[PDB]
$ cat work.cif   # mmCIF, C-alpha atoms
data_upload
#
loop_
_atom_site.group_PDB
_atom_site.id
_atom_site.type_symbol
_atom_site.label_atom_id
_atom_site.label_comp_id
_atom_site.auth_asym_id
_atom_site.auth_seq_id
_atom_site.Cartn_x
_atom_site.Cartn_y
_atom_site.Cartn_z
ATOM 1 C CA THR D 287 -103.784 16.820 111.567
ATOM 2 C CA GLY D 288 -99.905 16.710 111.476
ATOM 3 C CA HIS D 289 -96.757 16.453 113.560
ATOM 4 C CA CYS D 290 -96.807 18.918 116.486
ATOM 5 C CA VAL D 291 -94.526 21.366 118.413
ATOM 6 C CA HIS D 292 -95.073 23.217 121.697
ATOM 7 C CA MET D 293 -94.318 26.812 122.798
ATOM 8 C CA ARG D 294 -94.470 28.511 126.245
ATOM 9 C CA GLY D 295 -93.739 32.185 127.078
ATOM 10 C CA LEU D 296 -95.331 33.948 124.038
ATOM 11 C CA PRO D 297 -95.496 37.820 123.850
ATOM 12 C CA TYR D 298 -98.327 40.450 123.632
ATOM 13 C CA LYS D 299 -98.225 40.209 119.750
ATOM 14 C CA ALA D 300 -98.637 36.379 119.528
ATOM 15 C CA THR D 301 -100.693 35.104 116.546
ATOM 16 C CA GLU D 302 -100.798 31.712 114.847
ATOM 17 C CA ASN D 303 -98.909 32.997 111.776
ATOM 18 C CA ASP D 304 -96.595 35.012 114.027
ATOM 19 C CA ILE D 305 -95.483 31.921 115.952
ATOM 20 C CA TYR D 306 -94.876 29.511 113.090
ATOM 21 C CA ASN D 307 -93.183 31.939 110.687
ATOM 22 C CA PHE D 308 -90.560 32.622 113.422
ATOM 23 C CA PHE D 309 -90.217 28.851 114.331
ATOM 24 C CA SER D 310 -88.775 29.124 110.819
ATOM 25 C CA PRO D 311 -89.960 29.798 107.164
ATOM 26 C CA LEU D 312 -92.066 26.579 107.808
ATOM 27 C CA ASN D 313 -95.604 25.459 106.781
ATOM 28 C CA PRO D 314 -97.745 24.005 109.615
ATOM 29 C CA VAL D 315 -100.560 22.015 108.155
ATOM 30 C CA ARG D 316 -102.405 23.348 111.266
ATOM 31 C CA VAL D 317 -101.975 25.786 114.247
ATOM 32 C CA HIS D 318 -103.645 26.280 117.634
ATOM 33 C CA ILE D 319 -102.843 29.665 119.197
ATOM 34 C CA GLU D 320 -103.459 29.561 122.952
ATOM 35 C CA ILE D 321 -102.924 32.208 125.658
ATOM 36 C CA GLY D 322 -104.216 34.115 128.714
ATOM 37 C CA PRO D 323 -107.241 36.209 127.389
ATOM 38 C CA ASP D 324 -107.273 36.976 123.598
ATOM 39 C CA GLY D 325 -103.664 36.501 122.227
ATOM 40 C CA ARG D 326 -101.619 38.855 124.471
ATOM 41 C CA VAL D 327 -100.330 36.825 127.474
ATOM 42 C CA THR D 328 -97.783 34.135 128.471
ATOM 43 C CA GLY D 329 -98.832 31.986 125.427
ATOM 44 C CA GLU D 330 -98.840 28.325 125.494
ATOM 45 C CA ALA D 331 -99.493 26.983 122.000
ATOM 46 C CA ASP D 332 -98.975 24.003 119.663
ATOM 47 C CA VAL D 333 -98.488 23.819 115.910
ATOM 48 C CA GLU D 334 -98.932 21.014 113.519
ATOM 49 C CA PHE D 335 -96.333 20.361 110.863
ATOM 50 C CA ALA D 336 -95.122 18.250 107.910
ATOM 51 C CA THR D 337 -93.265 15.881 110.199
ATOM 52 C CA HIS D 338 -90.544 15.594 112.827
ATOM 53 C CA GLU D 339 -88.364 16.911 109.930
ATOM 54 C CA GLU D 340 -90.472 20.143 109.477
ATOM 55 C CA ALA D 341 -90.632 20.572 113.257
ATOM 56 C CA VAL D 342 -86.952 19.699 114.018
ATOM 57 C CA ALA D 343 -86.024 22.317 111.470
ATOM 58 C CA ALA D 344 -88.090 24.511 113.866
ATOM 59 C CA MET D 345 -85.703 23.166 116.648
ATOM 60 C CA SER D 346 -82.835 25.282 115.215
ATOM 61 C CA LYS D 347 -83.053 28.817 116.732
ATOM 62 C CA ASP D 348 -85.371 28.782 119.887
ATOM 63 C CA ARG D 349 -84.603 32.357 121.351
ATOM 64 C CA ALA D 350 -86.087 34.076 118.372
ATOM 65 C CA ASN D 351 -89.546 35.652 118.625
ATOM 66 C CA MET D 352 -90.177 37.944 121.526
ATOM 67 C CA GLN D 353 -88.416 41.235 120.684
ATOM 68 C CA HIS D 354 -85.462 38.908 119.830
ATOM 69 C CA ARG D 355 -85.673 36.673 122.993
ATOM 70 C CA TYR D 356 -86.997 33.368 123.981
ATOM 71 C CA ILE D 357 -89.805 30.843 124.096
ATOM 72 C CA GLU D 358 -89.931 27.197 125.273
ATOM 73 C CA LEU D 359 -89.809 25.672 121.757
ATOM 74 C CA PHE D 360 -89.976 21.840 121.960
ATOM 75 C CA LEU D 361 -91.037 18.819 119.850
ATOM 76 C CA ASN D 362 -93.660 16.336 120.994
ATOM 77 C CA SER D 363 -93.977 14.042 117.898
ATOM 78 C CA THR D 364 -92.336 11.323 115.834
ATOM 79 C CA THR D 365 -92.519 11.407 111.936
ATOM 80 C CA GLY D 366 -95.520 9.098 112.292
ATOM 81 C CA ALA D 367 -96.382 12.080 112.046
#
$ encode --input "work.cif" --output "structure tokens"
Amino acid sequence: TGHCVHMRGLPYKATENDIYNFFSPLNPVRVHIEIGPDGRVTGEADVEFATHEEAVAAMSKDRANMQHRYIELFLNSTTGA
């Protein structure tokens, strides 16, 4: 669908909208929210953006979700998309 950006270490309140609205005030053109059982555990997701430029603006704050603390936030795409 879009660009995409990866996340590992997500908390017991992980949701698709949770993860991308902390990545920043961004708009993923898609999300996949991916975890242990049901959205509560170690989460392991990827999110699909309006370009390396939407997603690199996500690459600005990393540490910033889990009770103020950190997730493996990393690009994996190119602005093609």
$ residues_near_point --input "work.cif" --point "(-93.8, 29.5, 121.8)" --cutoff "8 Å" --atoms "only C-alpha atoms" --output "NGL selection string"
:D and (292-296 or 305 or 329-332 or 357-359)
$ closest_residue --input "work.cif" --among "D:322, D:308, D:289, D:343" --to "residue D:356" --atoms "all atoms listed in the file"
D:308
$ closest_residue --input "work.cif" --among "D:327, D:352, D:367, D:321" --to "residue D:339" --atoms "all atoms listed in the file"
D:367
$ residues_around --input "work.cif" --residues "residue D:290" --least-positions-apart "5" --cutoff "12 Å" --atoms "all atoms listed in the file" --output "number ranges by chain"
D: 306, 313-318, 331-342, 344-345, 359-367
$ atom_distance --input "work.cif" --atom1 "atom CA of residue D:320" --atom2 "atom CA of residue D:347"
21.3 Å
$ decode --input "work.cif" --residues "stretch 350-365 of chain D" --atoms "N, CA and C atoms" --output "short mmCIF file (atom, residue, chain, number, x, y, z; two decimals), in the first residue's frame"
data_model
loop_
_atom_site.label_atom_id
_atom_site.label_comp_id
_atom_site.auth_asym_id
_atom_site.auth_seq_id
_atom_site.Cartn_x
_atom_site.Cartn_y
_atom_site.Cartn_z
N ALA D 350 9.23 6.72 22.79
CA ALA D 350 8.19 7.73 23.03
C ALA D 350 6.74 7.24 23.12
N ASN D 351 6.57 5.97 23.48
CA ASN D 351 5.29 5.30 23.48
C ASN D 351 4.98 4.70 24.84
N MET D 352 5.89 3.85 25.30
CA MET D 352 5.52 2.84 26.31
C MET D 352 5.73 3.35 27.73
N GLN D 353 4.74 4.11 28.20
CA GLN D 353 4.74 4.81 29.49
C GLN D 353 5.84 5.91 29.53
N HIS D 354 6.08 6.56 28.38
CA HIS D 354 7.29 7.31 28.02
C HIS D 354 8.57 6.49 28.25
N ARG D 355 9.02 5.83 27.18
CA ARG D 355 10.00 4.72 27.03
C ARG D 355 9.73 4.00 25.69
N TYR D 356 10.57 3.03 25.34
CA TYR D 356 11.16 2.93 24.01
C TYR D 356 10.78 1.67 23.27
N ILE D 357 10.81 1.82 21.95
CA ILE D 357 10.47 0.83 20.95
C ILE D 357 11.50 0.94 19.82
N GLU D 358 11.83 -0.19 19.22
CA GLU D 358 12.71 -0.31 18.05
C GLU D 358 12.04 0.25 16.79
N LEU D 359 11.99 1.58 16.68
CA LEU D 359 11.42 2.30 15.55
C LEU D 359 12.43 2.52 14.42
N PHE D 360 12.20 1.87 13.27
CA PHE D 360 13.15 1.84 12.15
C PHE D 360 12.49 1.72 10.77
N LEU D 361 12.92 2.58 9.84
CA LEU D 361 12.56 2.54 8.42
C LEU D 361 12.98 1.24 7.75
N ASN D 362 12.26 0.92 6.68
CA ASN D 362 12.57 -0.20 5.80
C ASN D 362 12.14 0.06 4.34
N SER D 363 12.08 1.34 3.94
CA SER D 363 11.58 1.76 2.62
C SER D 363 12.19 3.10 2.12
N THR D 364 11.76 3.62 0.96
CA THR D 364 12.70 4.25 0.00
C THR D 364 12.22 5.57 -0.67
N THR D 365 10.98 6.03 -0.44
CA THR D 365 10.27 7.02 -1.29
C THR D 365 10.18 6.58 -2.77
#
